[PDB]
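First come two forms of one protein chain, each written alone as structure tokens, so that there is a structure 1 and a structure 2.
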Structure 1
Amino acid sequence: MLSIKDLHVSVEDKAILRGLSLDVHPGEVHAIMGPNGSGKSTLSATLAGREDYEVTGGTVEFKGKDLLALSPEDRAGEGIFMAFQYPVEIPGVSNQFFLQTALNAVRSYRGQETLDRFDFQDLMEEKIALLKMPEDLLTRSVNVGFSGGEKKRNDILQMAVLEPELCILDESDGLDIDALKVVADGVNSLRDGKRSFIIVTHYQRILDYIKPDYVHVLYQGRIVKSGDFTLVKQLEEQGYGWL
């Protein structure tokens, strides 16, 4: 699915990623962790041309295509997904209306028939039901004490509704145990055999919440070590738990 080789990226003329290599195939959950600023977020921000850093070298292929070629919106069409923010107070454009426009934008790109207001309503009912999500998630409002996990419920819902091939997840930002708990839960609820996930995180704890297929340790823009979901233990036993 995804194959990154010798990736070199720069942000504000400064080297962040210095030759990263990483292969992701269908049905796998990869956990990437390590000391922040060492390349955990800019990596994820590169698989989606959202921000505009600069790839100095290396290659990134996605299903046999130069992913670095497409634009952020076109990578969405190809299957690469990353949670986004709903527009603010735009008359006529509710959260559900926009989610629906996003889903159809990708179906048409894919050459599929767009969903109407009703069959999309049916769809939203399913995922909200499958992910045991608050039925009024797209119009609800909550107290600051719930905001954490709330943004995340909205992120997973986008992931359920958008039928992504590979979803990038940046969980490095507050100690929210409830929020991390919704991330881990959504992913598990969304792990068939064809979808892949790249979860980036500094606070390595959600690992013991989803049981990744692979775990990679990132230091100064380079995967330094990687194994299964036991890697954490193998390290603390080999005398390298500090990593």
Structure 2
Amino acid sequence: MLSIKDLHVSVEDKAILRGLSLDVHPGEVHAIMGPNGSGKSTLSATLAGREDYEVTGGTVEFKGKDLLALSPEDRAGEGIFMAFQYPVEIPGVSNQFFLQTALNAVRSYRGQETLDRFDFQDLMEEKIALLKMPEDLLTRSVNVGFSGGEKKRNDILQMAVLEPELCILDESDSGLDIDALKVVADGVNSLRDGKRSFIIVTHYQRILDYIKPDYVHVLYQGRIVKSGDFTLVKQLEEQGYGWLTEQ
């Protein structure tokens, strides 16, 4: 469903991604790792659609379409959802109004209908519970007054409500402990239906103990230079990499 080939991306004229290639098929969980400065954020930013990232070469195709030509909202319509490393606060906009508007939007795109007012709520409650979220979520302003850990969990709730096809966790495990990691894991895992795919851009490896990947990839100067299955993580420990551990 997702095919990235020889991707080159620069930021403010600095070459960050230098020929990144990645293949993701339905039902797969992929983990992308590596040191800071090797492409993690540029990769996520490029896929999501940040406008300050110049693609100087390569391709990114999703569901047989050129993703790079789609605006951010259309990429979401197509099915790509990204859990932010730093979820944004939207003062004056309730989670309910936000989610409702977002759901209608992607449902419209995609050619289907949205839930029915009260149903939308039966869905929320279920998710607010799944992620141990404040029962007064719907009325509060998106992420306002939330701790970092709560913002991460909110993003997963969004993920479960908007039902995307490709879920990207952009170092969204950062700052989370075993407890939060476990709740976040229960949220993401509940989305595994054998069709949706996941890309975990790790801040650290511990998240992979709860969301076991099928594929593991290592970045080096904007390129993936090593791929394997979950067992590769233990192999990388023998390399003594400083980025491998410590949150």
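Rigid core: the largest C-alpha set superposing within 1.5 Å between the two forms. By convention here, residues take numbers in order along the sequence of structure 1, the first being 1.
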*Any idea which of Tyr109, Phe84, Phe120, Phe98 has its C-alpha shifted 2 Å or more between structure 1 and structure 2 with the rigid core fixed?*
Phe84
*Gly186: Cα shift of 2 Å or greater between structure 1 and structure 2 (core-aligned)*: yes
*Taking the rigid core as reference, does the Cα of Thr139 move 2 Å or more between structure 1 and structure 2?*
yes
_Exceeds or equals 2 Å, Cα of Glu51 between structure 1 and structure 2, core fit_ = yes
*By how many angstrom is the CA atom of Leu130 displaced between structure 1 and structure 2 after fitting on the core?*
4.3
*On a rigid core superposition, how far has the CA of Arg205 moved between structure 1 and structure 2, in Å, if you could check?*
2.2
_Per-residue Cα shift, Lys151, between structure 1 and structure 2 [Å; core superposed]_ = 1.1
